[PDB]
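Reckoned from all heavy atoms, side chains included, excluding hydrogens, waters and symmetry mates. Position 1 is the first residue of the sequence, and the numbers go up from there.
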Amino acid sequence: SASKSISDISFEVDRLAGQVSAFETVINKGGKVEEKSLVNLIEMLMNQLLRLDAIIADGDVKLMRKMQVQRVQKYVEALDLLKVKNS
């Protein structure tokens, strides 16, 4: 069922978010981490996002691409404002 799949994704993303927080703590304490550990984590999160989208869209790749382009805008817009604000 799509319901249980979404639940599992929720659980897994909670786990990955816990790992992100921990890495943020390492950095805040003065520590050095390898970029590939962070790139790997990004990939793990992206995999969950794609599984979720495939469920939401019932596999329709056009809807999936559309949902992704839509959700990204919020962040791209805030980052654009920051670049122009320029401090």
Side-chain angles (χ1 to χ4, degrees):
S1 89
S3 210
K4 278 128 83 178
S5 293
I6 295 175
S7 279
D8 299 341
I9 289 165
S10 186
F11 161 97
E12 181 57 27
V13 171
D14 282 333
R15 278 192 60 230
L16 297 170
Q19 297 166 28
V20 176
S21 290
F23 277 114
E24 290 176 316
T25 299
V26 172
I27 303 287
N28 293 335
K29 300 294 180 60
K32 291 308 174 178
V33 320
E34 293 299 298
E35 187 171 296
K36 77 170 56 188
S37 300
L38 303 176
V39 171
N40 287 337
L41 237 187
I42 285 170
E43 183 177 19
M44 293 304 92
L45 285 161
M46 288 287 293
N47 288 165
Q48 294 306 311
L49 182 62
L50 207 53
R51 288 178 35 93
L52 181 57
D53 284 349
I55 288 158
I56 292 166
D58 198 27
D60 182 320
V61 300
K62 286 178 184 176
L63 297 179
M64 300 171 62
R65 177 159 193 170
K66 183 181 183 180
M67 289 157 25
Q68 174 68 357
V69 170
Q70 196 287 318
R71 73 176 55 109
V72 163
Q73 297 312 317
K74 166 196 285 198
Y75 303 85
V76 171
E77 282 169 8
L79 288 168
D80 282 342
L81 187 148
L82 280 172
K83 165 202 171 298
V84 176
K85 173 162 173 169
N86 197 20
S87 290

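A distance of 11.5 Å separates OG in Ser37 from CD1 in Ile42, rounded to the nearest 0.5 Å. Taken from CD in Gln19 to CG in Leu38, the straight-line distance is 11.0 Å, to the nearest 0.5 Å. With rounding to the nearest 0.5 angstrom, the CG atom of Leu63 is 7.0 Å from the NZ atom of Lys66. Summarising the geometry, atom NZ belonging to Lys4 is positioned 12.5 Å from atom CD1 belonging to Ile55; distances are rounded to the nearest 0.5 Å. A distance of 11.0 Å separates CG in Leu16 from OG in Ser21, rounded to the nearest 0.5 Å. Interatomic distance, CD1 of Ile56 versus CD1 of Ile6, reported as 6.0 Å (0.5 Å rounding).
Counting heavy atoms from C-beta outward, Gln48 and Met44 have side chains that stay 4.5 Å or more apart. Contact check for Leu50 versus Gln68: no side-chain heavy atoms found under the 4.5 Å cut-off.
Counting only distance, with no hydrogens or angles, the side chain of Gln73 and the backbone of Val69 share a donor-acceptor pair below 3.5 Å.
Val13 and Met46 end up in different hydrophobic clusters when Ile, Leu, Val, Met, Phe, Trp and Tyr side chains are linked at under 4.5 Å. Using a 4.5 Å cut-off between side-chain heavy atoms of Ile, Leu, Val, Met, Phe, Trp and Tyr, with links allowed through other members, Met67 and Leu52 fall into the same hydrophobic cluster. Taking hydrophobic clusters as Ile, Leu, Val, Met, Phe, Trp and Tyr residues chained together by side-chain heavy-atom distances below 4.5 Å, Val20 shares a cluster with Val26.
Taking a 6.0 Å sphere around CZ of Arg65, one finds it holds 12 or fewer heavy atoms contributed by other residues, nucleotides or ligands. The number of heavy-atom neighbours closer than 6.0 Å to CG of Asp58, taken from other residues, nucleotides and ligands shown, is 12 or below.
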Would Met64 and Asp60 count as a side chain to side chain contact (heavy atoms under 4.5 Å, CB included) if you check the C-alpha gap in whole Å, the side-chain angles of each, and the deciding distance to 0.1 Å?
CA-CA 6 Å; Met64 300 171 62; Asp60 182 320; 5.7 Å; no

